[PDB]
file input-v9.pdb (PDB, C-alpha atoms)
ATOM      1  CA  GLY A 550       9.835 -20.080 -49.469  1.00  0.00           C
ATOM      2  CA  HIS A 551       8.802 -22.674 -46.883  1.00  0.00           C
ATOM      3  CA  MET A 552      12.167 -23.581 -45.317  1.00  0.00           C
ATOM      4  CA  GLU A 553      12.660 -19.841 -44.941  1.00  0.00           C
ATOM      5  CA  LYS A 554       9.388 -19.367 -42.997  1.00  0.00           C
ATOM      6  CA  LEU A 555      10.323 -22.109 -40.539  1.00  0.00           C
ATOM      7  CA  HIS A 556      13.530 -20.194 -39.930  1.00  0.00           C
ATOM      8  CA  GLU A 557      11.725 -16.933 -39.317  1.00  0.00           C
ATOM      9  CA  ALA A 558       9.365 -18.713 -36.960  1.00  0.00           C
ATOM     10  CA  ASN A 559      11.972 -20.579 -34.925  1.00  0.00           C
ATOM     11  CA  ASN A 560      14.046 -17.417 -34.491  1.00  0.00           C
ATOM     12  CA  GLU A 561      11.031 -15.435 -33.305  1.00  0.00           C
ATOM     13  CA  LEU A 562      10.380 -18.240 -30.817  1.00  0.00           C
ATOM     14  CA  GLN A 563      13.914 -17.807 -29.527  1.00  0.00           C
ATOM     15  CA  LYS A 564      13.229 -14.060 -29.330  1.00  0.00           C
ATOM     16  CA  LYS A 565      10.037 -14.504 -27.342  1.00  0.00           C
ATOM     17  CA  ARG A 566      11.801 -17.032 -25.133  1.00  0.00           C
ATOM     18  CA  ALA A 567      14.411 -14.406 -24.270  1.00  0.00           C
ATOM     19  CA  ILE A 568      11.773 -11.723 -23.658  1.00  0.00           C
ATOM     20  CA  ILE A 569      10.091 -14.088 -21.212  1.00  0.00           C
ATOM     21  CA  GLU A 570      13.188 -15.250 -19.362  1.00  0.00           C
ATOM     22  CA  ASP A 571      14.180 -11.647 -18.724  1.00  0.00           C
ATOM     23  CA  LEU A 572      10.787 -10.296 -17.684  1.00  0.00           C
ATOM     24  CA  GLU A 573       9.766 -13.152 -15.344  1.00  0.00           C
ATOM     25  CA  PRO A 574      12.409 -12.799 -12.587  1.00  0.00           C
ATOM     26  CA  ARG A 575      11.809  -9.056 -12.798  1.00  0.00           C
ATOM     27  CA  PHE A 576       8.065  -9.444 -12.326  1.00  0.00           C
ATOM     28  CA  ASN A 577       8.629 -11.840  -9.445  1.00  0.00           C
ATOM     29  CA  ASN A 578      11.000  -9.450  -7.666  1.00  0.00           C
ATOM     30  CA  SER A 579       8.580  -6.590  -8.094  1.00  0.00           C
ATOM     31  CA  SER A 580       5.792  -8.703  -6.631  1.00  0.00           C
ATOM     32  CA  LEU A 581       7.778  -9.474  -3.506  1.00  0.00           C
ATOM     33  CA  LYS A 582       8.585  -5.776  -3.206  1.00  0.00           C
ATOM     34  CA  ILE A 583       4.954  -4.672  -3.271  1.00  0.00           C
ATOM     35  CA  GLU A 584       4.296  -7.059  -0.401  1.00  0.00           C
ATOM     36  CA  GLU A 585       7.129  -5.836   1.782  1.00  0.00           C
ATOM     37  CA  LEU A 586       6.326  -2.204   1.004  1.00  0.00           C
ATOM     38  CA  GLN A 587       2.866  -2.874   2.368  1.00  0.00           C
ATOM     39  CA  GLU A 588       4.055  -4.671   5.467  1.00  0.00           C
ATOM     40  CA  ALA A 589       6.281  -1.646   6.100  1.00  0.00           C
ATOM     41  CA  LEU A 590       3.378   0.689   5.376  1.00  0.00           C
ATOM     42  CA  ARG A 591       1.047  -1.249   7.669  1.00  0.00           C
ATOM     43  CA  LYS A 592       3.637  -1.599  10.442  1.00  0.00           C
ATOM     44  CA  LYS A 593       4.345   2.138  10.238  1.00  0.00           C
ATOM     45  CA  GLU A 594       0.692   3.165  10.343  1.00  0.00           C
ATOM     46  CA  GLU A 595       0.361   1.012  13.470  1.00  0.00           C
ATOM     47  CA  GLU A 596       3.324   2.674  15.198  1.00  0.00           C
ATOM     48  CA  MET A 597       1.621   5.969  14.433  1.00  0.00           C
ATOM     49  CA  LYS A 598      -1.579   4.893  16.131  1.00  0.00           C
ATOM     50  CA  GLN A 599       0.325   3.817  19.224  1.00  0.00           C
ATOM     51  CA  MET A 600       2.306   7.077  19.167  1.00  0.00           C
ATOM     52  CA  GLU A 601      -1.041   8.848  19.258  1.00  0.00           C
ATOM     53  CA  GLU A 602      -2.218   6.597  22.125  1.00  0.00           C
ATOM     54  CA  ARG A 603       0.727   7.688  24.263  1.00  0.00           C
ATOM     55  CA  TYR A 604       0.738  11.434  23.700  1.00  0.00           C
ATOM     56  CA  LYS A 605      -3.011  11.329  24.238  1.00  0.00           C
ATOM     57  CA  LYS A 606      -2.635   9.543  27.575  1.00  0.00           C
ATOM     58  CA  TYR A 607       0.187  11.888  28.556  1.00  0.00           C
ATOM     59  CA  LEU A 608      -2.007  14.960  28.082  1.00  0.00           C
ATOM     60  CA  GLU A 609      -4.747  13.399  30.184  1.00  0.00           C
ATOM     61  CA  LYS A 610      -2.247  12.531  32.914  1.00  0.00           C
ATOM     62  CA  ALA A 611      -0.979  16.097  33.034  1.00  0.00           C
ATOM     63  CA  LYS A 612      -4.612  17.246  33.187  1.00  0.00           C
ATOM     64  CA  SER A 613      -4.853  15.545  36.590  1.00  0.00           C
ATOM     65  CA  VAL A 614      -1.403  16.628  37.773  1.00  0.00           C
ATOM     66  CA  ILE A 615      -2.800  20.148  37.372  1.00  0.00           C
ATOM     67  CA  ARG A 616      -5.760  19.369  39.615  1.00  0.00           C
ATOM     68  CA  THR A 617      -3.534  17.755  42.254  1.00  0.00           C
ATOM     69  CA  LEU A 618      -1.061  20.646  42.462  1.00  0.00           C
ATOM     70  CA  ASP A 619      -3.526  23.536  42.147  1.00  0.00           C
ATOM     71  CA  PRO A 620      -3.936  25.325  45.505  1.00  0.00           C
ATOM     72  CA  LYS A 621      -7.201  27.102  44.566  1.00  0.00           C
ATOM     73  CA  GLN A 622      -8.975  23.727  44.636  1.00  0.00           C
ATOM     74  CA  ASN A 623      -6.732  21.725  47.010  1.00  0.00           C
TER      75      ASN A 623
ATOM     76  CA  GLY B 550       6.080 -33.331 -42.203  1.00  0.00           C
ATOM     77  CA  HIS B 551       7.194 -29.747 -42.806  1.00  0.00           C
ATOM     78  CA  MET B 552       3.580 -28.494 -42.657  1.00  0.00           C
ATOM     79  CA  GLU B 553       3.327 -29.885 -39.136  1.00  0.00           C
ATOM     80  CA  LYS B 554       6.559 -28.305 -37.971  1.00  0.00           C
ATOM     81  CA  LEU B 555       5.474 -24.906 -39.269  1.00  0.00           C
ATOM     82  CA  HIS B 556       2.131 -25.422 -37.560  1.00  0.00           C
ATOM     83  CA  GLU B 557       3.650 -26.431 -34.257  1.00  0.00           C
ATOM     84  CA  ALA B 558       6.002 -23.465 -34.398  1.00  0.00           C
ATOM     85  CA  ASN B 559       3.344 -20.887 -35.265  1.00  0.00           C
ATOM     86  CA  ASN B 560       1.133 -22.146 -32.462  1.00  0.00           C
ATOM     87  CA  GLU B 561       3.967 -22.072 -29.951  1.00  0.00           C
ATOM     88  CA  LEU B 562       4.447 -18.472 -31.095  1.00  0.00           C
ATOM     89  CA  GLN B 563       0.845 -17.618 -30.223  1.00  0.00           C
ATOM     90  CA  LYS B 564       1.369 -19.238 -26.828  1.00  0.00           C
ATOM     91  CA  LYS B 565       4.406 -17.084 -26.043  1.00  0.00           C
ATOM     92  CA  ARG B 566       2.629 -14.056 -27.433  1.00  0.00           C
ATOM     93  CA  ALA B 567      -0.185 -14.718 -24.973  1.00  0.00           C
ATOM     94  CA  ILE B 568       2.254 -15.118 -22.057  1.00  0.00           C
ATOM     95  CA  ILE B 569       3.930 -11.825 -22.936  1.00  0.00           C
ATOM     96  CA  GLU B 570       0.786  -9.894 -23.688  1.00  0.00           C
ATOM     97  CA  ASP B 571      -0.535 -10.785 -20.256  1.00  0.00           C
ATOM     98  CA  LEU B 572       2.581 -10.239 -18.194  1.00  0.00           C
ATOM     99  CA  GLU B 573       3.657  -6.910 -19.647  1.00  0.00           C
ATOM    100  CA  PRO B 574       0.752  -4.722 -18.402  1.00  0.00           C
ATOM    101  CA  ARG B 575       0.962  -6.619 -15.102  1.00  0.00           C
ATOM    102  CA  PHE B 576       4.622  -5.725 -14.778  1.00  0.00           C
ATOM    103  CA  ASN B 577       3.943  -2.102 -15.705  1.00  0.00           C
ATOM    104  CA  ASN B 578       1.150  -1.777 -13.162  1.00  0.00           C
ATOM    105  CA  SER B 579       3.390  -3.195 -10.465  1.00  0.00           C
ATOM    106  CA  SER B 580       6.240  -0.833 -11.312  1.00  0.00           C
ATOM    107  CA  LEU B 581       3.881   2.089 -10.844  1.00  0.00           C
ATOM    108  CA  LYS B 582       2.604   0.426  -7.683  1.00  0.00           C
ATOM    109  CA  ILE B 583       6.053   0.156  -6.104  1.00  0.00           C
ATOM    110  CA  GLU B 584       6.556   3.876  -6.585  1.00  0.00           C
ATOM    111  CA  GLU B 585       3.106   4.903  -5.360  1.00  0.00           C
ATOM    112  CA  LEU B 586       3.720   2.791  -2.258  1.00  0.00           C
ATOM    113  CA  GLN B 587       7.226   4.120  -1.678  1.00  0.00           C
ATOM    114  CA  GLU B 588       5.714   7.611  -1.829  1.00  0.00           C
ATOM    115  CA  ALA B 589       2.973   6.826   0.691  1.00  0.00           C
ATOM    116  CA  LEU B 590       5.615   5.276   2.939  1.00  0.00           C
ATOM    117  CA  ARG B 591       7.847   8.353   2.926  1.00  0.00           C
ATOM    118  CA  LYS B 592       4.846  10.639   3.501  1.00  0.00           C
ATOM    119  CA  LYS B 593       4.236   8.329   6.476  1.00  0.00           C
ATOM    120  CA  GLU B 594       7.766   8.246   7.860  1.00  0.00           C
ATOM    121  CA  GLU B 595       7.469  12.042   7.717  1.00  0.00           C
ATOM    122  CA  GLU B 596       4.189  12.210   9.644  1.00  0.00           C
ATOM    123  CA  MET B 597       5.931   9.949  12.158  1.00  0.00           C
ATOM    124  CA  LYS B 598       8.999  12.204  12.418  1.00  0.00           C
ATOM    125  CA  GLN B 599       6.714  15.104  13.286  1.00  0.00           C
ATOM    126  CA  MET B 600       4.834  13.063  15.847  1.00  0.00           C
ATOM    127  CA  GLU B 601       7.954  11.772  17.585  1.00  0.00           C
ATOM    128  CA  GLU B 602       9.289  15.329  17.642  1.00  0.00           C
ATOM    129  CA  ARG B 603       6.047  16.375  19.305  1.00  0.00           C
ATOM    130  CA  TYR B 604       6.105  13.533  21.837  1.00  0.00           C
ATOM    131  CA  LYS B 605       9.777  14.005  22.655  1.00  0.00           C
ATOM    132  CA  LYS B 606       8.914  17.671  23.224  1.00  0.00           C
ATOM    133  CA  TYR B 607       6.283  16.683  25.745  1.00  0.00           C
ATOM    134  CA  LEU B 608       8.441  14.030  27.375  1.00  0.00           C
ATOM    135  CA  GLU B 609      11.062  16.647  28.208  1.00  0.00           C
ATOM    136  CA  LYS B 610       8.521  18.963  29.797  1.00  0.00           C
ATOM    137  CA  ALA B 611       7.559  15.976  31.913  1.00  0.00           C
ATOM    138  CA  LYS B 612      11.004  15.163  33.285  1.00  0.00           C
ATOM    139  CA  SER B 613      11.607  18.885  33.773  1.00  0.00           C
ATOM    140  CA  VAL B 614       8.673  18.592  36.185  1.00  0.00           C
ATOM    141  CA  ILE B 615       9.959  15.320  37.663  1.00  0.00           C
ATOM    142  CA  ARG B 616      13.219  17.105  38.475  1.00  0.00           C
ATOM    143  CA  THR B 617      11.748  20.259  40.023  1.00  0.00           C
ATOM    144  CA  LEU B 618       9.446  18.226  42.304  1.00  0.00           C
ATOM    145  CA  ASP B 619      12.272  15.886  43.194  1.00  0.00           C
ATOM    146  CA  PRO B 620      12.302  15.764  47.033  1.00  0.00           C
ATOM    147  CA  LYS B 621      16.099  15.877  46.849  1.00  0.00           C
ATOM    148  CA  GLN B 622      16.051  19.288  45.123  1.00  0.00           C
ATOM    149  CA  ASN B 623      13.803  20.659  47.911  1.00  0.00           C
ATOM    150  CA  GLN B 624      15.639  20.362  51.238  1.00  0.00           C
TER     151      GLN B 624
END
call {"tool": "encode", "arguments": {"input": "input-v9.pdb", "output": "C-alpha cells"}}
result
Amino acid sequence: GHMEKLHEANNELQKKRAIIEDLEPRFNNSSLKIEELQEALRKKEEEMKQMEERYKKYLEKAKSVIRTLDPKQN
Amino acid sequence: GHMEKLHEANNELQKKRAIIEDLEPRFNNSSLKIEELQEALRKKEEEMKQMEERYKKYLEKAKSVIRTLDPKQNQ
C-alpha cells in the first residue's frame, strides 16, 4: 500500500508530537530546579564559612579574656 | 502529489526523532543531577546543624561568663 504508509507515518508524527509535548515542560522544570538547588547549595556553603568565621573569632577573643583575668601574669 | 506528502511526512519524522533523541539523555542526566544535588545539600544542612550546635554551645559558655562577672551579681 501507499495510502496505508501515509497513515502509518502521520500517526507516528502524532505520537512523536505527544512525546515531545510531555517531555518539554518536564525538562524545563528540571532545569529550573538544578539552578535553584545550586543557589541553595552555594548560599548554604557561604553561611558555613561565616559560621566558621564567628566561632573562630570567639575562640581568639576568649584567648585574650584568659590573659586579662589570669592573676599569675596580671 | 502523494509522493511529496509521504516525503514531507517521513522527513518531519526524522526531525522529531532528532528532537527526541537529543532531549532524552539530557533529561535523564538532569534527573540524576537533581538528586545528586539534593544529596549534597542535605549533607550540607547536616554539617551546618553540627556547626550551629557547636557555636550555640560556645555562646552559652560565654553568657555564663557574662553573668558571673556581672557587677550586679558581685556586691
call {"tool": "closest_atom_pairs", "arguments": {"input": "input-v9.pdb", "of": "chain A", "to": "chain B", "cutoff": "7 Å", "atoms": "all atoms listed in the file", "output": "JSON lines"}}
result
{"residue": "A:555", "atom": "CA", "partner": "B:555", "partner_atom": "CA", "distance": 5.7}
{"residue": "A:558", "atom": "CA", "partner": "B:558", "partner_atom": "CA", "distance": 6.4}
{"residue": "A:559", "atom": "CA", "partner": "B:558", "partner_atom": "CA", "distance": 6.7}
{"residue": "A:562", "atom": "CA", "partner": "B:562", "partner_atom": "CA", "distance": 5.9}
{"residue": "A:565", "atom": "CA", "partner": "B:565", "partner_atom": "CA", "distance": 6.3}
{"residue": "A:569", "atom": "CA", "partner": "B:569", "partner_atom": "CA", "distance": 6.8}
{"residue": "A:576", "atom": "CA", "partner": "B:576", "partner_atom": "CA", "distance": 5.6}
{"residue": "A:579", "atom": "CA", "partner": "B:579", "partner_atom": "CA", "distance": 6.6}
{"residue": "A:583", "atom": "CA", "partner": "B:583", "partner_atom": "CA", "distance": 5.7}
{"residue": "A:586", "atom": "CA", "partner": "B:586", "partner_atom": "CA", "distance": 6.5}
{"residue": "A:590", "atom": "CA", "partner": "B:590", "partner_atom": "CA", "distance": 5.7}
{"residue": "A:597", "atom": "CA", "partner": "B:597", "partner_atom": "CA", "distance": 6.3}
{"residue": "A:604", "atom": "CA", "partner": "B:604", "partner_atom": "CA", "distance": 6.1}
call {"tool": "atom_distance", "arguments": {"input": "input-v9.pdb", "atom1": "CA of residue 570 (chain B)", "atom2": "CA of residue 581 (chain A)"}}
result
21.4 Å
call {"tool": "atom_distance", "arguments": {"input": "input-v9.pdb", "atom1": "CA of residue 615 (chain B)", "atom2": "CA of residue 602 (chain A)"}}
result
21.6 Å
call {"tool": "atom_distance", "arguments": {"input": "input-v9.pdb", "atom1": "CA of residue 620 (chain B)", "atom2": "CA of residue 603 (chain A)"}}
result
26.8 Å
